[PDB]
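Worksheet: the structure to be examined is printed underneath.
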Amino acid sequence: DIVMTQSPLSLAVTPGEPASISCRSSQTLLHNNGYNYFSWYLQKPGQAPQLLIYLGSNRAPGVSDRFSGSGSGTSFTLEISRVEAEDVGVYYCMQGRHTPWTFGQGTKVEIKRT
Amino acid sequence: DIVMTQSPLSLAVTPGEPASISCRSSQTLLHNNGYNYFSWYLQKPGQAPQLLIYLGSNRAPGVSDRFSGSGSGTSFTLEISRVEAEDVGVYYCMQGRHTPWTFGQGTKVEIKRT
Amino acid sequence: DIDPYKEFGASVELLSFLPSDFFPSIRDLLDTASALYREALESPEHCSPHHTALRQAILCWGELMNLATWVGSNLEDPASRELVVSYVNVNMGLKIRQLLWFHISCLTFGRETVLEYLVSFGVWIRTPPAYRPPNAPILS
Amino acid sequence: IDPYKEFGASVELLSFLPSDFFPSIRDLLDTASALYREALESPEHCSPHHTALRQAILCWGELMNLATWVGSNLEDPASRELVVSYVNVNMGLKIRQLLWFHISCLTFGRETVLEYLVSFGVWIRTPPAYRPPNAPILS
Amino acid sequence: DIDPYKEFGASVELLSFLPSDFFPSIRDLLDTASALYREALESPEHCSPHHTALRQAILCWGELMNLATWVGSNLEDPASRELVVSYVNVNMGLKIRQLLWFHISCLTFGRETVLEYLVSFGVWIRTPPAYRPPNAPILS
Amino acid sequence: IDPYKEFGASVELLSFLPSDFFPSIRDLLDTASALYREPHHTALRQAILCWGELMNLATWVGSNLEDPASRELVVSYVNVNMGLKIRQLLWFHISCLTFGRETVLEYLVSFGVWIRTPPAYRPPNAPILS
Amino acid sequence: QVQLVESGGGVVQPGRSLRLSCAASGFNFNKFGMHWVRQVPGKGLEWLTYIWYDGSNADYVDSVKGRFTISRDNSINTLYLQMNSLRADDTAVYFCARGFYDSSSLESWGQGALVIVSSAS
Amino acid sequence: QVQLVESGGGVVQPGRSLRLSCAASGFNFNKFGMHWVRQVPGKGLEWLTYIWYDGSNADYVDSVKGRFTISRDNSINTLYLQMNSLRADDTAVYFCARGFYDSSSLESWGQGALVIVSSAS
């Protein structure tokens, strides 16, 4: 039912510089508990997906501080202060306000060629 | 500052017989706590030193009962009831009344030859 | 160590002489209170501290029911919600239920009559089935 | 139905009071303990107001045990924070209100406390634009 | 397991009500007492209960500073010496500090004033600052 | 300065008794509570608290101070030398409650004559309060 | 950390039906929910269905609505996903996961297994 | 039982200065003192210096007075002994120990390390 959206589709980062990615959702995610049900996932070729941010603005256990995010309502952004060589992958955002669950379109990162 | 003294320099013991060694110090070791600061050490070739008697008249933890000593003031004596084959070594006495700390001259034991 | 008794001539030790399951369930006690006391309860009155107590019990129960309905509305997770509802319904009730029973029986039969019933239940509980009479002691 | 009013004061009087006014639940409990340990746990039956404080202390003891239980179970950390905050903040507010009202009644005159609530109700109403600073203190 | 203040009307919890750091220093108090009544503390007088309590109390401080001096002379190891002297001085001194202030209050300003001031200071501290009177309750 | 003056007693007079004469602390304590749990009475209240606070210091010392050597220095001091004054004080105060003060002082004075008398001339009897 | 291992994956002839195995251990199965995740090559993740601890309720997406079913056997703590009326668009690797951050996002993800349909061998 | 391991020992060219490493673990370094023991072959033990837990105070023997220094870093619980103006009479094996029988005699002794000075290699 919910239409998901992501942007930009691609973003090549010269390691050591910050970057931001934006994911947008149609319907509001502010429940009556003051919380927002939004997710940040990390996926690696040949590996199972891993968690990035939980509950909208809380870091998942064991995740390095290099990744941070914030936002509320229908707008959110994923920010990485310093890009490391192991950060290459395709990122996803998900919705869990109302069933059925819907996923985004994806965002893959790489190194800007010379 | 303190002059230390030991005697006899050597003592060969037929094993299974008692023996006594005497260490003497110039200045009195009776502090106002009723205790005397004097030590008994054991040293083995190729090994680190080990404790024999602590606080003048108290046995160090784990030390066998075969070694005993007593005395007070400026006179003390180390007594071994039964000599075992593993008792060969060089023995030392030390002072800890006033800084700086001073050591003795040593006493090495062996088996009386035939 | 503030006990909810000792003001009427009873102690939690005396109350802990009857089976937990043997006391009635809340709905009946609430309905009987609403039956006749409703006219007097709302009206302002003095003395009979059971009058103030009852109100405190009712307010606590209302507060607990409000929490239950709020938990029902929110807390999407299904499994935990059923666990919390069961707990609030089953475990916590016993205290309020005992309070209601004590106060309703005082207001309806005098303090002394209640005390005699409390002390008499000792005979019933101690007695084993062979010695125990078939008849169980009932309020009069 | 209305806990207050048994002594001449309606819920609407206390509703006007902001949250900041009532002290924390902890200072009030220790206050009552240290100040009335002898009177609260006494055999003589009199001074009807002790009934409210002797009933409220047990009522909050219930909530504390519930918080401990919520803490032990509910493996999800997220739900524990929600439930604990609710019990500690929202349910507690009523206990704060009742404890303050009854303590003030005990230490001070009735007509005096009631006069304090009616005056404050009038002082808060009207904007902050035109009213002498500070808030009328009970003295 | 007894409270010294029970007979006089105070209780340990009442004193615990006030913040710990509020109580004055030790040497200052002692000097205040000596300057106040050298005769009273030295002259033998019948009754004078708080004076008899003060006499008994001062011995605790005297004995504790004698054990501090003893630790100073003996106990060569620096590590234990600092810990023992620090506890002898700061940690245990709170009860003595409280006892001296409580007694001195009764002698100079009366027991009724100190008793009423004890609760009032707690009342003033516990509530929010903005809604309390400016300043703090003066002793007398 | 000295507890004993207010009660018509001298620290020197009280010292005239020999050290071994005073009993131990544990025994004196029991009768105090059992028979007199209920002006002098306060002094006992203070002394019991003093002993309790020392015993509390002892256990705190036992728990920390991991070095075995240092424990005895303080433990023996507090349990032997520090408590002699407590042993003296409890007996002195209890005697006032149990027996009369007039008999007590006469008892105290005669003991001085008893110690002065040579051992050769010491009578076969032991002076008891009765 | 919980470890989940799947089984039963492989090639299946067209027109038939296949069942996949996903077992879990090291945590309280009766106290948490389970979810199914799918990935055909070339696209991203897609949610399919989920079941609650009791199992009385269930939900489905419109793509496979009425043709897939999920059930659990709490006696052995094993998940089950039944596939019928398979199509060429269903060729994908399947993952079963668990979510416990207040019932919103999946936390531990299994290794997954691929399912392939075709006529050649 | 505490175990102490030294490091940094070896041969040093004449005229230079060397620093030895003695680290400890398994007990409260901040609550106990440390000592240095030396043994040239042919003679017995000789006391050199010691430092208190705080480190404010220190002592030295007349043989090496003013030429050796000792310091401790409580952050990592490691001992340090600095050697300057080395002579031919300083060729010996060095031991670091700890004493806790009421601050008198050393209790646990490390394995030690030998220091040798000479021109040949």
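How things are named: the first chain in the structure tokens is A, the next is B, and so on; residues count from 1 in each chain; ligands count from 1 in the order shown.
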
Residue contacts of stretch 67-69 of chain E (8 Å, only C-alpha atoms) excluding same-chain residues fewer than 4 positions away, as a VMD selection string: chain E and resid 63 73 84 to 85 88

Atoms kept (N, CA, C and O atoms) for selection, written as a tab-separated table (two decimals), in the first residue's frame:
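Writing done, so here's result-v6.tsv:
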```tsv
chain	number	residue	atom	x	y	z
E	63	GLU	N	39.68	10.70	71.30
E	63	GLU	CA	40.23	9.37	71.11
E	63	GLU	C	40.55	9.11	69.64
E	63	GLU	O	41.56	8.48	69.32
E	73	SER	N	52.59	7.82	63.73
E	73	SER	CA	53.90	7.35	64.19
E	73	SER	C	54.23	5.97	63.63
E	73	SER	O	55.32	5.78	63.07
E	84	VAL	N	43.64	5.07	56.42
E	84	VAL	CA	43.18	5.07	57.80
E	84	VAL	C	42.99	6.49	58.30
E	84	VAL	O	41.98	6.80	58.94
E	85	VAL	N	43.94	7.38	58.02
E	85	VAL	CA	43.80	8.75	58.52
E	85	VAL	C	42.61	9.44	57.86
E	85	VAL	O	41.85	10.16	58.52
E	88	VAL	N	39.53	8.21	59.53
E	88	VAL	CA	39.44	8.73	60.88
E	88	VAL	C	38.96	10.17	60.87
E	88	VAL	O	38.23	10.61	61.77
```

Taking only C-alpha atoms into account, report as a count of residues only which residues of chain H lie within 9 Å of chain F. 4

Compile the contact shell of residue A:108 as a PDB file with C-alpha atoms, in the first residue's frame: residues with an atom at most 8 Å away, counting only C-alpha atoms, same-chain residues fewer than 5 positions apart removed.
```
ATOM      1  CA  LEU A   9      20.257   6.270  -6.938  1.00  0.00           C
ATOM      2  CA  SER A  10      24.068   6.359  -7.000  1.00  0.00           C
ATOM      3  CA  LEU A  11      26.718   8.277  -5.075  1.00  0.00           C
ATOM      4  CA  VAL A  88      31.133  -0.282  -0.246  1.00  0.00           C
ATOM      5  CA  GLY A  89      27.677  -1.774  -0.660  1.00  0.00           C
ATOM      6  CA  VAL A  90      24.013  -1.237  -1.484  1.00  0.00           C
ATOM      7  CA  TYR A  91      21.857   0.431   1.167  1.00  0.00           C
TER       8      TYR A  91
END
```

Would you list the contacts of stretch 62-69 of chain G as a list in words, taking every protein, DNA or RNA residue within 8 Å and counting only C-alpha atoms, but skipping same-chain residues closer than 6 positions in sequence?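 Residues meeting the cut-off are residues 48, 81, 82, 83, 84 and 85 of chain G.
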
Produce a file of the selected residues containing C-alpha atoms, as a short mmCIF file (atom, residue, chain, number, x, y, z; two decimals), in the first residue's frame.
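Result written to again-v2.cif:
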```cif
data_model
loop_
_atom_site.label_atom_id
_atom_site.label_comp_id
_atom_site.auth_asym_id
_atom_site.auth_seq_id
_atom_site.Cartn_x
_atom_site.Cartn_y
_atom_site.Cartn_z
CA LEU G 48 6.46 -11.65 1.47
CA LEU G 81 7.07 -22.15 4.09
CA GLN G 82 5.00 -24.06 1.53
CA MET G 83 5.19 -23.19 -2.17
CA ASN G 84 2.51 -24.12 -4.72
CA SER G 85 1.82 -22.97 -8.29
#
```

I'd like the contact shell of residue B:84 - 9 Å cut-off, only C-alpha atoms, skipping same-chain residues fewer than 3 positions apart - returned as a PyMOL selection string. chain B and resi 15-16+87-88

Quick one: write out the picked residues with N, CA, C and O atoms as a compact mmCIF listing (two decimals), in the first residue's frame?
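Contents of selection05.txt, as written:
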```txt
# COMPACT_ATOMS: atom_id res chain seq x y z
N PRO B 15 72.58 -35.37 55.11
CA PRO B 15 71.15 -35.11 55.09
C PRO B 15 70.31 -36.06 55.94
O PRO B 15 70.43 -37.28 55.88
N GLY B 16 69.43 -35.46 56.73
CA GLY B 16 68.71 -36.15 57.78
C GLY B 16 69.07 -35.69 59.18
O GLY B 16 68.46 -36.15 60.14
N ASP B 87 67.36 -29.31 49.23
CA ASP B 87 67.61 -28.14 50.06
C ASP B 87 68.93 -27.45 49.74
O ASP B 87 69.29 -26.49 50.43
N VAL B 88 69.64 -27.89 48.71
CA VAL B 88 70.94 -27.30 48.38
C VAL B 88 70.73 -25.92 47.77
O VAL B 88 69.92 -25.74 46.85
```

Using only C-alpha atoms, determine which residues lie at most 8 Å from stretch 65-79 of chain D, disregarding the query and same-chain residues fewer than 3 positions distant; provide the list as an MDAnalysis selection string. (chainID C and resid 75 80) or (chainID D and resid 61:62 82:84 87) or (chainID G and resid 100:102)

How would the residues just chosen look if you wrote them out with N, CA and C atoms as a PDB file, in the first residue's frame?
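Written output follows (result-v6.pdb):
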```pdb
ATOM      1  N   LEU C  75       1.281  -0.695  21.705  1.00  0.00           N
ATOM      2  CA  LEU C  75       2.071  -1.914  21.870  1.00  0.00           C
ATOM      3  C   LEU C  75       1.710  -2.944  20.799  1.00  0.00           C
ATOM      4  N   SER C  80       3.519  -9.917  23.709  1.00  0.00           N
ATOM      5  CA  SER C  80       3.706  -9.283  25.009  1.00  0.00           C
ATOM      6  C   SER C  80       2.392  -8.744  25.554  1.00  0.00           C
TER       7      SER C  80
ATOM      8  N   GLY D  61       3.609   1.239  46.127  1.00  0.00           N
ATOM      9  CA  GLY D  61       4.396   0.026  46.259  1.00  0.00           C
ATOM     10  C   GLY D  61       4.006  -1.003  45.218  1.00  0.00           C
ATOM     11  N   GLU D  62       2.713  -1.076  44.904  1.00  0.00           N
ATOM     12  CA  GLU D  62       2.267  -1.936  43.812  1.00  0.00           C
ATOM     13  C   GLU D  62       2.963  -1.575  42.502  1.00  0.00           C
ATOM     14  N   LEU D  82       9.372   2.243  27.262  1.00  0.00           N
ATOM     15  CA  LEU D  82       8.011   2.825  27.116  1.00  0.00           C
ATOM     16  C   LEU D  82       7.199   2.580  28.392  1.00  0.00           C
ATOM     17  N   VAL D  83       7.120   1.327  28.849  1.00  0.00           N
ATOM     18  CA  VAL D  83       6.290   1.007  30.005  1.00  0.00           C
ATOM     19  C   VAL D  83       6.828   1.690  31.255  1.00  0.00           C
ATOM     20  N   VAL D  84       8.146   1.663  31.454  1.00  0.00           N
ATOM     21  CA  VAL D  84       8.722   2.243  32.659  1.00  0.00           C
ATOM     22  C   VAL D  84       8.471   3.739  32.693  1.00  0.00           C
ATOM     23  N   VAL D  87       4.715   4.353  33.582  1.00  0.00           N
ATOM     24  CA  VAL D  87       4.380   4.124  34.983  1.00  0.00           C
ATOM     25  C   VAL D  87       5.023   5.187  35.863  1.00  0.00           C
TER      26      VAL D  87
ATOM     27  N   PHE G 100      13.137  -8.127  16.547  1.00  0.00           N
ATOM     28  CA  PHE G 100      12.846  -7.911  17.977  1.00  0.00           C
ATOM     29  C   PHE G 100      13.099  -6.473  18.420  1.00  0.00           C
ATOM     30  N   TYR G 101      13.362  -5.531  17.523  1.00  0.00           N
ATOM     31  CA  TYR G 101      13.489  -4.144  18.050  1.00  0.00           C
ATOM     32  C   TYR G 101      12.077  -3.593  18.100  1.00  0.00           C
ATOM     33  N   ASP G 102      11.374  -3.991  19.145  1.00  0.00           N
ATOM     34  CA  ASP G 102       9.960  -3.567  19.274  1.00  0.00           C
ATOM     35  C   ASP G 102       9.169  -3.932  18.021  1.00  0.00           C
TER      36      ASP G 102
END
```

Which polymer residues have any atom within 12 Å of an atom of residue E:34, counting only C-alpha atoms, with same-chain residues fewer than 5 positions away left out, as a PyMOL selection string? (chain E and resi 27-29+39-42+54-55+58+104) or (chain F and resi 1)

Write out as a list in words all residues of stretch 53-100 of chain H that DSSP puts in strand (DSSP E or B) for this structure's backbone.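 Strand (DSSP E or B) assignments inside stretch 53-100 of chain H correspond to residues 58, 59, 60, 68, 69, 70, 71, 72, 73, 78, 79, 80, 81, 82, 83, 92, 93, 94, 95, 96, 97, 98 and 99 of chain H.
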
Distance cut-off 9 Å, counting only C-alpha atoms - which residues of chain G neighbour chain A? Return them as a list in words. residues 43, 44, 45, 46, 47, 48, 49, 59, 60, 61, 95, 101, 102, 103, 104, 105, 106, 107, 108, 109, 110, 111 and 112 of chain G

Write to file, as an mmCIF file, in the first residue's frame, the residues of the selection just made, with N, CA and C atoms.
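The file below, selection_16.cif, is the result:
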```cif
data_model
loop_
_atom_site.group_PDB
_atom_site.id
_atom_site.type_symbol
_atom_site.label_atom_id
_atom_site.label_comp_id
_atom_site.auth_asym_id
_atom_site.auth_seq_id
_atom_site.Cartn_x
_atom_site.Cartn_y
_atom_site.Cartn_z
ATOM 1 N N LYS G 43 17.203 -7.095 -8.665
ATOM 2 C CA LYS G 43 16.405 -6.181 -7.868
ATOM 3 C C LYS G 43 16.824 -6.232 -6.412
ATOM 4 N N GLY G 44 16.061 -5.578 -5.547
ATOM 5 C CA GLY G 44 16.367 -5.554 -4.133
ATOM 6 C C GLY G 44 15.472 -6.473 -3.321
ATOM 7 N N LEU G 45 15.484 -6.248 -2.012
ATOM 8 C CA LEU G 45 14.706 -7.065 -1.094
ATOM 9 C C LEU G 45 13.212 -6.836 -1.292
ATOM 10 N N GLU G 46 12.423 -7.867 -0.993
ATOM 11 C CA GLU G 46 10.972 -7.757 -1.035
ATOM 12 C C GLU G 46 10.352 -8.582 0.082
ATOM 13 N N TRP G 47 9.427 -7.965 0.814
ATOM 14 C CA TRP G 47 8.718 -8.631 1.891
ATOM 15 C C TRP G 47 7.614 -9.520 1.337
ATOM 16 N N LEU G 48 7.441 -10.691 1.947
ATOM 17 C CA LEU G 48 6.455 -11.654 1.472
ATOM 18 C C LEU G 48 5.343 -11.901 2.482
ATOM 19 N N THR G 49 5.669 -12.317 3.704
ATOM 20 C CA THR G 49 4.655 -12.690 4.684
ATOM 21 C C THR G 49 5.316 -12.783 6.052
ATOM 22 N N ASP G 59 -0.466 -12.796 7.425
ATOM 23 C CA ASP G 59 -0.687 -11.800 6.388
ATOM 24 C C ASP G 59 0.060 -12.221 5.133
ATOM 25 N N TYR G 60 -0.348 -11.658 4.000
ATOM 26 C CA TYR G 60 0.276 -11.991 2.729
ATOM 27 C C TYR G 60 0.287 -10.773 1.819
ATOM 28 N N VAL G 61 1.240 -10.763 0.886
ATOM 29 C CA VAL G 61 1.306 -9.715 -0.125
ATOM 30 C C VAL G 61 0.510 -10.145 -1.355
ATOM 31 N N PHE G 95 15.262 -16.029 2.255
ATOM 32 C CA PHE G 95 15.845 -15.799 3.566
ATOM 33 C C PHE G 95 14.752 -15.709 4.621
ATOM 34 N N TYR G 101 13.362 -5.531 17.523
ATOM 35 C CA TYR G 101 13.489 -4.144 18.050
ATOM 36 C C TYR G 101 12.077 -3.593 18.100
ATOM 37 N N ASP G 102 11.374 -3.991 19.145
ATOM 38 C CA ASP G 102 9.960 -3.567 19.274
ATOM 39 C C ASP G 102 9.169 -3.932 18.021
ATOM 40 N N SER G 103 9.349 -5.134 17.502
ATOM 41 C CA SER G 103 8.450 -5.559 16.400
ATOM 42 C C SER G 103 8.487 -4.619 15.209
ATOM 43 N N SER G 104 9.667 -4.169 14.818
ATOM 44 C CA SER G 104 9.669 -3.367 13.582
ATOM 45 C C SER G 104 10.663 -3.888 12.554
ATOM 46 N N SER G 105 11.954 -3.878 12.857
ATOM 47 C CA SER G 105 12.894 -4.231 11.806
ATOM 48 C C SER G 105 13.598 -5.528 12.161
ATOM 49 N N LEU G 106 13.888 -6.323 11.139
ATOM 50 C CA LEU G 106 14.521 -7.616 11.345
ATOM 51 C C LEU G 106 15.917 -7.431 11.922
ATOM 52 N N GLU G 107 16.317 -8.348 12.801
ATOM 53 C CA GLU G 107 17.579 -8.230 13.518
ATOM 54 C C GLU G 107 18.625 -9.241 13.081
ATOM 55 N N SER G 108 18.316 -10.532 13.153
ATOM 56 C CA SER G 108 19.236 -11.578 12.742
ATOM 57 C C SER G 108 18.719 -12.220 11.467
ATOM 58 N N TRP G 109 19.589 -12.302 10.466
ATOM 59 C CA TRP G 109 19.193 -12.863 9.181
ATOM 60 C C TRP G 109 19.924 -14.158 8.895
ATOM 61 N N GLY G 110 19.192 -15.166 8.441
ATOM 62 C CA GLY G 110 19.778 -16.447 8.126
ATOM 63 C C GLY G 110 20.622 -16.374 6.869
ATOM 64 N N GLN G 111 21.330 -17.472 6.602
ATOM 65 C CA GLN G 111 22.218 -17.509 5.450
ATOM 66 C C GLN G 111 21.460 -17.553 4.131
ATOM 67 N N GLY G 112 20.235 -18.062 4.125
ATOM 68 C CA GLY G 112 19.438 -18.099 2.918
ATOM 69 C C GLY G 112 19.736 -19.308 2.046
#
```

Do you have, as JSON lines, the list of residues of chain E lying at most 12 Å from chain F, each with its nearest atom pair and that distance in Å to one decimal, counting only C-alpha atoms and ordered by chain then number?
```
{"residue": "E:1", "atom": "CA", "partner": "F:49", "partner_atom": "CA", "distance": 7.5}
{"residue": "E:2", "atom": "CA", "partner": "F:45", "partner_atom": "CA", "distance": 7.4}
{"residue": "E:3", "atom": "CA", "partner": "F:45", "partner_atom": "CA", "distance": 8.4}
{"residue": "E:4", "atom": "CA", "partner": "F:45", "partner_atom": "CA", "distance": 6.9}
{"residue": "E:5", "atom": "CA", "partner": "F:45", "partner_atom": "CA", "distance": 10.4}
{"residue": "E:6", "atom": "CA", "partner": "F:45", "partner_atom": "CA", "distance": 10.9}
{"residue": "E:7", "atom": "CA", "partner": "F:42", "partner_atom": "CA", "distance": 9.4}
{"residue": "E:8", "atom": "CA", "partner": "F:42", "partner_atom": "CA", "distance": 10.9}
{"residue": "E:34", "atom": "CA", "partner": "F:1", "partner_atom": "CA", "distance": 11.4}
{"residue": "E:38", "atom": "CA", "partner": "F:1", "partner_atom": "CA", "distance": 10.3}
{"residue": "E:39", "atom": "CA", "partner": "F:1", "partner_atom": "CA", "distance": 11.2}
{"residue": "E:40", "atom": "CA", "partner": "F:1", "partner_atom": "CA", "distance": 11.0}
{"residue": "E:41", "atom": "CA", "partner": "F:1", "partner_atom": "CA", "distance": 7.5}
{"residue": "E:42", "atom": "CA", "partner": "F:1", "partner_atom": "CA", "distance": 6.5}
{"residue": "E:43", "atom": "CA", "partner": "F:6", "partner_atom": "CA", "distance": 8.1}
{"residue": "E:44", "atom": "CA", "partner": "F:6", "partner_atom": "CA", "distance": 4.8}
{"residue": "E:45", "atom": "CA", "partner": "F:6", "partner_atom": "CA", "distance": 6.8}
{"residue": "E:46", "atom": "CA", "partner": "F:6", "partner_atom": "CA", "distance": 7.6}
{"residue": "E:47", "atom": "CA", "partner": "F:39", "partner_atom": "CA", "distance": 6.9}
{"residue": "E:48", "atom": "CA", "partner": "F:39", "partner_atom": "CA", "distance": 9.2}
{"residue": "E:49", "atom": "CA", "partner": "F:39", "partner_atom": "CA", "distance": 7.2}
{"residue": "E:50", "atom": "CA", "partner": "F:42", "partner_atom": "CA", "distance": 10.1}
{"residue": "E:51", "atom": "CA", "partner": "F:6", "partner_atom": "CA", "distance": 10.9}
{"residue": "E:52", "atom": "CA", "partner": "F:43", "partner_atom": "CA", "distance": 8.0}
{"residue": "E:53", "atom": "CA", "partner": "F:43", "partner_atom": "CA", "distance": 7.5}
{"residue": "E:54", "atom": "CA", "partner": "F:46", "partner_atom": "CA", "distance": 10.5}
{"residue": "E:55", "atom": "CA", "partner": "F:3", "partner_atom": "CA", "distance": 7.1}
{"residue": "E:56", "atom": "CA", "partner": "F:43", "partner_atom": "CA", "distance": 7.0}
{"residue": "E:57", "atom": "CA", "partner": "F:46", "partner_atom": "CA", "distance": 7.7}
{"residue": "E:58", "atom": "CA", "partner": "F:1", "partner_atom": "CA", "distance": 8.6}
{"residue": "E:59", "atom": "CA", "partner": "F:1", "partner_atom": "CA", "distance": 8.3}
{"residue": "E:60", "atom": "CA", "partner": "F:50", "partner_atom": "CA", "distance": 7.5}
{"residue": "E:61", "atom": "CA", "partner": "F:50", "partner_atom": "CA", "distance": 11.0}
{"residue": "E:62", "atom": "CA", "partner": "F:1", "partner_atom": "CA", "distance": 10.2}
{"residue": "E:63", "atom": "CA", "partner": "F:82", "partner_atom": "CA", "distance": 8.4}
{"residue": "E:64", "atom": "CA", "partner": "F:82", "partner_atom": "CA", "distance": 10.1}
{"residue": "E:66", "atom": "CA", "partner": "F:82", "partner_atom": "CA", "distance": 10.1}
{"residue": "E:67", "atom": "CA", "partner": "F:82", "partner_atom": "CA", "distance": 8.9}
{"residue": "E:68", "atom": "CA", "partner": "F:74", "partner_atom": "CA", "distance": 11.2}
{"residue": "E:70", "atom": "CA", "partner": "F:74", "partner_atom": "CA", "distance": 9.9}
{"residue": "E:71", "atom": "CA", "partner": "F:74", "partner_atom": "CA", "distance": 8.6}
{"residue": "E:74", "atom": "CA", "partner": "F:73", "partner_atom": "CA", "distance": 9.0}
{"residue": "E:75", "atom": "CA", "partner": "F:70", "partner_atom": "CA", "distance": 7.5}
{"residue": "E:76", "atom": "CA", "partner": "F:70", "partner_atom": "CA", "distance": 9.7}
{"residue": "E:77", "atom": "CA", "partner": "F:70", "partner_atom": "CA", "distance": 8.8}
{"residue": "E:78", "atom": "CA", "partner": "F:70", "partner_atom": "CA", "distance": 11.4}
{"residue": "E:79", "atom": "CA", "partner": "F:65", "partner_atom": "CA", "distance": 9.2}
{"residue": "E:80", "atom": "CA", "partner": "F:65", "partner_atom": "CA", "distance": 7.1}
{"residue": "E:81", "atom": "CA", "partner": "F:70", "partner_atom": "CA", "distance": 9.9}
{"residue": "E:82", "atom": "CA", "partner": "F:65", "partner_atom": "CA", "distance": 11.6}
{"residue": "E:83", "atom": "CA", "partner": "F:65", "partner_atom": "CA", "distance": 9.0}
{"residue": "E:84", "atom": "CA", "partner": "F:61", "partner_atom": "CA", "distance": 8.8}
{"residue": "E:87", "atom": "CA", "partner": "F:57", "partner_atom": "CA", "distance": 9.5}
{"residue": "E:88", "atom": "CA", "partner": "F:57", "partner_atom": "CA", "distance": 9.6}
{"residue": "E:91", "atom": "CA", "partner": "F:57", "partner_atom": "CA", "distance": 11.1}
{"residue": "E:92", "atom": "CA", "partner": "F:53", "partner_atom": "CA", "distance": 9.1}
{"residue": "E:93", "atom": "CA", "partner": "F:53", "partner_atom": "CA", "distance": 11.6}
{"residue": "E:95", "atom": "CA", "partner": "F:53", "partner_atom": "CA", "distance": 10.5}
{"residue": "E:96", "atom": "CA", "partner": "F:50", "partner_atom": "CA", "distance": 11.1}
{"residue": "E:99", "atom": "CA", "partner": "F:46", "partner_atom": "CA", "distance": 11.3}
```

Mind listing the helix (DSSP H, G or I) residues of stretch 2-42 of chain F, per DSSP on the backbone, as a count of residues only? 26

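The coordinates place atom CA of residue D:40 at 27.1 Å from atom CA of residue C:109.
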
Once you count only C-alpha atoms, what closest atom pair and distance in Å to one decimal does each residue of chain B within 10 Å of chain E have, with rows by chain and rising residue number, as CSV?
```
residue,atom,partner,partner_atom,distance
B:31,CA,E:74,CA,8.8
B:32,CA,E:74,CA,7.4
B:33,CA,E:74,CA,7.2
```
